[PDB]
């Protein structure tokens, strides 16, 4: 399997972090809590975010059911955008696609978003669908891996991943908890989309983007409370534990070594790191765990500062940032994600 295109899309409204935070302490009911808000919004190392709605409008998003309706509607719009983008990048057409997968965690669609996306693009009635849901922040790297798995049974085939994540819209569930506030500091809105072709298909089509050689999942024992949704009348409420960072610190070198020893490669063999931006404490703990020098990760940081945490979408935006800055050809690349599980996923790549 060979990546033929990468494209991200973002909502038209962008605000600076402090615009956001300025309006946000003035929100219904947050003014008792304004200091820990500013403190966290400020250590978050996000410089702006995209919002699928005008900033003005968020305090009137207290109904879950309205929020999710708007999610359906907005989410397709943007997934359609990034897929047109990647297919252009991949010089291809929707008629071409033999498998679509969608990944989200910030809304509940039925029919699922791929259904809606195929409907919109005039995808071939027989397209195989794969609506991945509860995967979270890991689904960017897991999606690429699921695609690879596909194009391994179906060489001559074309597969897309689309990821929409509209983290703003989850706002009916925000309370002034530390964990809700943390994500209030971190999350933004955006989509991304990855076209990839099986090995037979890559020549004919001229596939640009890199090879997808392998992936490994790593699921942690008794770690469900690390990341999750408390789902209810309020919608989708963050569970996000402090323990997350020290797990990484403790178990992450080993996921990497086990996955790279099967290739007889070392950390030193990675030409480019493609790593999910959990936010400052998560990037550090990565960088510390595998002891990377500040530049292996500069593009993940530069993504987090620019657009904030786009959940599963961020790792693909960032993948796109690396493909462009055009790495040492025939070198190795490692995608690295984690989400609800708790799990990690690693994706082995080789540039052109």
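Residue numbers count along the first chain shown, from 1.
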item	value
Given 323 to 331 and 58 to 66, the range whose Cα B-factors average higher in the PDB entry	323 to 331
Entry-level comparison of average CA B-factors, 288 to 296 and 305 to 313, reporting the higher stretch	288 to 296
Out of 214, 189, 222, 98, highest CA B-factor residue	222
Chain-relative CA temperature factor third for residue 341	lowest
CA B-factor placement of residue 40, once the chain's modelled residues are sorted into thirds	middle
Residue 205 CA temperature factor, ranked by third within the chain	lowest
Third of the chain's Cα B-factor distribution that residue 91 belongs to, per the entry	highest
Residue 30 - Cα temperature factor, lowest/middle/highest third of chain	highest
